[PDB]
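Remarks on the structure that follows.
No hydrogens, no waters, no symmetry mates; every other heavy atom, side chains included, goes into these values. Chain letters run A, B, ... following the sequence lines, proteins first and then strands; every chain starts at 1.
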Number of protein chains: 4
Amino acid sequence: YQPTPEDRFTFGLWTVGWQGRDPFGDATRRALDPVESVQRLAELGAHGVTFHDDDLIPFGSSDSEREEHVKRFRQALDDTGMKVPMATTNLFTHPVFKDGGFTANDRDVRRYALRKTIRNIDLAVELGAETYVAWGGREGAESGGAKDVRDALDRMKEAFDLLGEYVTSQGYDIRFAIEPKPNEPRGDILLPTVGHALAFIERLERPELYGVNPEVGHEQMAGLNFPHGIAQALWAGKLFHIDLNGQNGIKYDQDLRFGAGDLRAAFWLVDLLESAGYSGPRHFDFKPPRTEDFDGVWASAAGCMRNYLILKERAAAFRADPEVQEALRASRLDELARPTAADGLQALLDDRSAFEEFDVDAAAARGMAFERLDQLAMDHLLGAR
Amino acid sequence: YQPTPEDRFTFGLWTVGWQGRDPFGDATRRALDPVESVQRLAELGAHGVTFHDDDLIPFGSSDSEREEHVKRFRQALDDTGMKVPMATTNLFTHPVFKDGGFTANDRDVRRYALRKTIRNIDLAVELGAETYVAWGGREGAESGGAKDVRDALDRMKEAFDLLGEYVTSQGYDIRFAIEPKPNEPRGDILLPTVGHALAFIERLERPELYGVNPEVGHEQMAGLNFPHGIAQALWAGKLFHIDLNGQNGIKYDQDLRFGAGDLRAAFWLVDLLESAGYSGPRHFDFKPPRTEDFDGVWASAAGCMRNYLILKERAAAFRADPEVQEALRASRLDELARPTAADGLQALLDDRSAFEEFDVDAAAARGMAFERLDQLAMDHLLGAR
Amino acid sequence: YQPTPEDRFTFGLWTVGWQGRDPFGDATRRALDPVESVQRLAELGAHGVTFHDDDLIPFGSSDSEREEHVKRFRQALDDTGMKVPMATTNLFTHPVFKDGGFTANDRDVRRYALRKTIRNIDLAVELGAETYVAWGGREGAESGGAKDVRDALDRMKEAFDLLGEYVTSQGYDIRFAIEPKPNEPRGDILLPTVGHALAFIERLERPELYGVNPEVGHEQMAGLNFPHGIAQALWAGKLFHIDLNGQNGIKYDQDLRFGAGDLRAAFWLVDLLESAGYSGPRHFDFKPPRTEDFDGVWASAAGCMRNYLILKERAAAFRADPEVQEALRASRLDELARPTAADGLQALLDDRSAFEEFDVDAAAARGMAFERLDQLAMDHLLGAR
Amino acid sequence: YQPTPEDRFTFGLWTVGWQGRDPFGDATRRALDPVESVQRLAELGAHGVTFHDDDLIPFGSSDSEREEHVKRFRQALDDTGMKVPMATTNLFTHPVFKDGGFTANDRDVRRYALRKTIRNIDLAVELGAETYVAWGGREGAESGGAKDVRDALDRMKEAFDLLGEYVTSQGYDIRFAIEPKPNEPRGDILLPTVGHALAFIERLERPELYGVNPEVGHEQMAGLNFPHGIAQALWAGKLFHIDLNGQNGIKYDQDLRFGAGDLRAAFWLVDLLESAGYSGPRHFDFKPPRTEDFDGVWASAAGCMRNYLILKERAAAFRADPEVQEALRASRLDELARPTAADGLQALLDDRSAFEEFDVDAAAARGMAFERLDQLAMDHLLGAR
Ligand SMILES: O=C[C@H](O)[C@@H](O)[C@H](O)CO
Ligand SMILES: O=C[C@H](O)[C@@H](O)[C@H](O)CO
Ligand SMILES: O=C[C@H](O)[C@@H](O)[C@H](O)CO
Ligand SMILES: O=C[C@H](O)[C@@H](O)[C@H](O)CO
Ligand SMILES: [Mn+2]
Ligand SMILES: [Mn+2]
Ligand SMILES: [Mn+2]
Ligand SMILES: [Mn+2]
Ligand SMILES: [Mn+2]
Ligand SMILES: [Mn+2]
Ligand SMILES: [Mn+2]
Ligand SMILES: [Mn+2]
């Protein structure tokens, strides 16, 4: 189960770089130089890295220091063959963003947030990113009077429309992906799930420029089925990018390595990605626990990729098994894929077999045989065929 | 706090009519005749009632019994002046719907579900309903292999498109409202939240015919902020109807009377409905607890309406208070309502005050004054000004 | 992975017997005769069955019908060699129990609940049960004024003390196991978790007669770690019995077959049971989903046992692996098992190496190596060593 | 609603002192000197303050700096008349505690944790505290193999037994209160709820020295009913102290001011505290949101106390209302307080009215009248009688 760059595995700088500060504790690890993380990840088989602005260039850096941090980074990517498929902006750490970036009540902050974003879009394009992520972790509220949500969605629409005007005016080939999260660090965050983000995109001026970057642990923080939300983003043609990690249920955002957390949801997610032929980056947005030293950081990053390749093998064995293909027909998955009424409305209304002479008792008595199918899926996951 | 028919309070037949069967217990109350519930609700001040097909006409009724049940019902509405603003279909109780109605894997069941629905659309129009609700409580799965969600959304799109062809062909003035629920009775339900339902509507052939009917307890079953999801449905122009009740957090769907459950979320919901000028029915979809006799049923239905009118009074006193209007300006709610960059993109890019000379420390130091605003909201809710 | 009676697998009559009535739907399967379930379970390799009173003898049966239902049941156990290690009382289905059994506000109901219980204790002893379970699913409240909890715990203590007087007076060899559940069907249930049940037992007159019967899905309905609650019940010497099933997070009680739900928690539960040498019944309290016919019922019951034996094999391979034993020492699990201060208090106070000369920076820098250990556990679960 | 020192309102130094660092952001406020917080809180009407060791004396302070920080603090308490009823130890911030204090796998760390604790017990006694709190926020695990929970409870028992030997040997009049929390910052924390903490205390060598300090938001992080857990701690005689705050459901620990979050649970908590006559400190363990400046800090601290006094007034009006006392009898709360079988076991067994001639249908038909009672409670909370 050895990853190579063709598996398209990517990592944020801030993931292996997390120093382990939590709401209740100090850092347990020293800061890593981005150049060192590029080298170590390339040795483990990753394909590329991603960054917020402030991960790469320390906030407040002069133009001269900026160019230096970029030059060194670009040297490490040249040295290793690592790519940068995605970049994003930090609009959450600095105190100025305490009430949001794009939906801060202070108009001056909102203008600042857009300027900080556009500066990083130019950088991202220079480094070759194809996707620019937006996670508005400070957009929201702890109390009901602090944020009129209609006005806040007007502000959020306005910011995304201005960014889409900017990229089209520059002729850049970059698309945006909004990443939803239901809470933390705000009491409630706006666009809290993949569905809310999909719906909001349909009101932007140029919807084709925007998709979603859903994260496993975020949807599970609302108790939702992650594979079902990804199937809906795929159905809408909007899965531009994905963030992979693990989460044990509804609590703070744990960001465990991928495969930890809900392991059957991990299996059905890989099953769907590989069967729909998603071809974007498999990006890990995770935190090695603060119990770990540097050795434990690289072990946790390597288990992200390992677990994805094991689940890929298991899901492909499941769908290839003749006995599973038989059970899928026994449960009528083939019939779910056929149109209900390709005959059209009038024909359905005239069909006595659809109502007047439909035997509801006989149809009610047929079992779905779902539990036999699900135990075959369990046996395949566990290697117990 | 006495309701009249002008407050537009409505109730489902199945709400005061719930006999108190739960997953662990037998009915504790006898069945009510719909005619008796119409009379009792009209005496309490309601404006109207709503129904599933099978609440009004017992499943399998002959054409003759059907006409009789409708005639008696119509007599009670004539006698009381009660209206029927909304109707819906039962596609969840009968065993035939064990795997869904519109997304059952069996194609024959899917055709049956559409025929059962269309028959009830004609009835609804005859009784004057303006909104037809769809709650697909059996659309979903307990296991990952039982439902390919992309094929299931194709089926769900197909069913809603056929219904929109039917109403337009008949020239009916009726719109559809999809009601999301994240789980129960299926392990996960498709379109589990208001955002997922809004996004799905944008892929239908005639999106203007469809909106949402969100329910308080359903969004809170995913830990989401109900007033924020309603603000997004209002922002999209899709709040066609609403279901009011109470829920204590993330657990089974309790359907407590409105005002029970999360009382501050109830306050901020009424604040939003009345300030956005929602003019649809205020419909209660609740269950008087099975501890109650008939007296306790009508007391619980009356407290639904009582609590709405108390919260309405408190939220109007809050927004009318000069000291609250001052605190709203102190927290920059006025600035949230102004465009971030009506000056346009180029102007924002040339503005040195938005970046190069923006004093981030001074802006970071300004407090939002949100806690004083929220305590004024608390004092107004409690009548403790 | 074939079960035999020596694996001590047991099933409630109500589990394979569930007809599939849910809060939103009618039964999808016909009722099974207890004699048929005894035979089918014995063919699948189970060791025994359990029962509520009302599963075996229909509520209100005359003394003559009672003796007949028992005689037939006893014939099937003789025919198959099946045992009955546990029995319990239904104090939740009948409308009389709408506010509880032992903590109903009506004193007459509370006396009735005790009489119904004692009648079934005599039956249980006659059939050889060693454990009598109490699940007070109706003990609790939907609203704060309906139940004074101090008075309710006095009532609950009083009922359990009377039952312990009864068994000791009869000289029966039977112990009680209280089964906690946090909600459903009441809004909140008293003694909602294993910890609350352990604490309550310590106030009974004869605590040695009472332990816990925790259920996987119940603790996970509160978001708690099931293996950690079982380790605490084992530490207290009170794991008298256990109920095995699966649950996907915090929502209604799903009762999926064991291994479904949280599969890594299932692995660590089997690891603990087999390493602590629990020797009671491995009892399944699950519901075959209502999508299923009879074939799907027996498939789901068989996958309960299958999944337990696969996890047993995987956890034994994990603890036997020399490389895992090395990683356990690398993470200092051996040091967790040694006393912190067997030297005693004075010695600890005089030890300069514990404070004055303790190098906190060096100890802080040591990694715990937990992620390497957890990936070995993942590889062993998946058969990917 | 003006607090005075006789209301016994207390605050941690770390609460108004929180600088607003969160997992995603930098501090938004400067550090406060403890002397300034003592003065400001005394002006708002508080009765006293509490502290962790490291809040008062910066970690690593020499003996000389230690004595200086204590002298200044003692001057401010003398100047204001503020008391210090409770103190606790920080065993969670420093990197050395990354795997726990009392249950760290490294034995050296466990000995260090006890020495750090005992040094602060002596300080606490010197300042007059009567309760010493233990919150083991780092005791737990992110993965199943990292912590054998039986060995960890042996270690936790050992540490608490050594502390109880120390206080008894010194002749101090100080009792311990364990504060449970279900997760955060560890993936799962040991003794995660009030019930688990009550049960654990019953295995200590001298149980009478130990009680609980439950926190509103902590039990609600497991979806549990806080007033019901406090009624059980009161029933056991173990409510030594309490921490008051607000939380919106199951998510990260928000620590909103008291009255925010679940306001009806706040009402029923004050109802219980004042009706059981709890006479300990009403301590607020909350964080003014990081959106706030210093003005917003003192406003949030003042609303904690305000909300408690409003709820106290409302709950006393509820229990004093003759119409409520009538409804309580209508719902048989008086009967819940009477023994079920003061007549004894034999008498219950011979009583034909408890079984053979008990009319279950008539008892089943009586309504509990709970919804009328709960609407009276709602009207009293809202001031809408
Ligand atoms: O902005 C950060 C990211 O893009 C987001 O993915 C974090 O890593 C949150 O999840
Ligand atoms: O179909 C039923 C309804 O329309 C739904 O609202 C139920 O009452 C569920 O919430
Ligand atoms: O009383 C029923 C049982 O003993 C209980 O285990 C149910 O099956 C609930 O879980
Ligand atoms: O140790 C801290 C406390 O005693 C704890 O109460 C925190 O403030 C956590 O809740
Ligand atoms: Mn995350
Ligand atoms: Mn992410
Ligand atoms: Mn509902
Ligand atoms: Mn509804
Ligand atoms: Mn259960
Ligand atoms: Mn059970
Ligand atoms: Mn807290
Ligand atoms: Mn606390």
Side-chain angles (χ1 to χ4, degrees), chain A residues 327 330-331 367-379 382 384, chain B residues 98 142-143 146 187, chain C residues 1-22 27-52 55-56 73 76-77 79-86 88 215-217 241-247 253-261 263 266 269-270 281-312:
Chain A
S331 297
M368 303 309 303
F370 294 152
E371 289 286 283
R372 173 154 188 277
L373 172 67
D374 191 52
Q375 187 65 37
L376 291 170
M378 183 84 66
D379 287 352
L382 295 179
Chain B
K98 69 193 191 285
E142 286 68 62
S143 49
Chain C
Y1 299 111
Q2 223 259 245
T4 60
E6 312 28 58
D7 293 317
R8 287 271 264 178
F9 294 127
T10 56
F11 292 87
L13 287 182
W14 64 89
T15 65
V16 298
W18 180 58
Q19 280 188 265
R21 243 165 256 103
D22 77 17
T28 63
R29 283 191 296 265
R30 72 147 179 94
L32 273 183
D33 185 344
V35 169
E36 198 189 327
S37 297
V38 179
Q39 298 185 187
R40 297 273 23 248
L41 286 175
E43 283 168 358
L44 297 177
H47 164 86
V49 283
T50 67
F51 71 95
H52 299 85
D55 294 333
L56 179 69
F73 184 64
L77 298 175
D79 291 349
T80 59
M82 290 282 272
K83 294 315 176 230
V84 179
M86 182 272 273
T88 184
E215 185 181 287
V216 175
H241 194 266
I242 191 172
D243 278 2
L244 302 170
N245 66 6
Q247 171 68 21
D253 175 41
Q254 300 194 276
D255 281 355
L256 298 177
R257 87 186 180 288
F258 178 69
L263 178 59
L269 173 70
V270 174
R282 274 79 171 154
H283 179 244
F284 295 107
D285 178 9
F286 84 111
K287 279 173 173 68
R290 70 193 281 283
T291 53
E292 307 299 293
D293 65 12
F294 292 117
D295 291 330
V297 164
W298 306 120
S300 197
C304 288
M305 294 186 283
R306 176 176 185 89
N307 289 332
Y308 190 102
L309 290 179
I310 297 163
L311 295 170
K312 178 175 170 180

To check you understand the geometry: which heavy-atom pair defines the closest contact between [X] and [Y], and what is its length?
X      : Y      : value
C:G12  : C:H283 : N-NE2, 3.3 Å
C:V35  : C:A76  : CG1-CB, 4.0 Å
B:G187 : B:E142 : N-OE2, 2.9 Å
C:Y1   : C:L309 : O-CD1, 3.6 Å
C:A27  : C:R21  : CB-NH2, 3.5 Å
C:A31  : C:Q19  : N-NE2, 3.4 Å

Main chain of [Y], side chain of [X]: is a donor-acceptor contact present, judged purely on distance under 3.5 Å?
X      : Y      : value
C:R29  : C:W18  : yes
A:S331 : A:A327 : yes
C:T28  : C:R290 : yes

Flag for C:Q254-C:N245: side-chain donor and acceptor within less than 3.5 Å: no
Hey, what's the ring geometry for C:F73 with C:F51, parallel, tilted or perpendicular (30° and 60° as the breaks)? perpendicular
Should the ring pair C:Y308 and C:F9 be called parallel, tilted or perpendicular, given that the plane angle runs from 0 to 90° and is split at 30 and 60? perpendicular
Salt bridge (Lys or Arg N to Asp or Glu O under 4.0 Å) involving C:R40 - partner list, sequence neighbours excluded: C:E43
Applying salt bridge (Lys or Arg N to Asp or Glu O under 4.0 Å), name anything that partners B:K98, two or more places apart in sequence or on another chain. none
side-chain contact (heavy atoms from CB on, under 4.5 Å), that's the test. Do A:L382 and C:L263 meet it? Break it down for me. CA-CA 10 Å; A:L382 295 179; C:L263 178 59; 4.2 Å; yes
Evaluate the side-chain proximity of [Y] to [X]: yes if any heavy-atom separation is below 4.5 Å, no if none is.
X      : Y     : value
C:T10  : C:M86 : no
C:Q39  : C:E36 : no
C:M82  : C:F11 : no
C:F286 : C:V16 : yes
C:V49  : C:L77 : yes

Calculate, to the nearest 0.5 Å, the distance between atoms [atom1] and [atom2] belonging to [X] and [Y] respectively.
X      : Y      : atom1 : atom2 : value
C:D7   : C:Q2   : CG    : CD    : 9.5 Å
C:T50  : C:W14  : OG1   : CH2   : 3.0 Å
C:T15  : C:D255 : OG1   : CG    : 9.5 Å
A:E371 : C:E292 : CD    : CD    : 5.0 Å
C:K312 : C:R282 : NZ    : CZ    : 7.0 Å
C:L13  : C:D55  : CG    : CG    : 5.5 Å

Does C:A299 have any side-chain contact (heavy atoms from CB on, under 4.5 Å) partners at least two apart in sequence or in another chain, and if so, which? none
With the threshold set at 4.0 Å, does a side-chain nitrogen-carboxylate oxygen contact exist between A:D379 and C:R306? yes
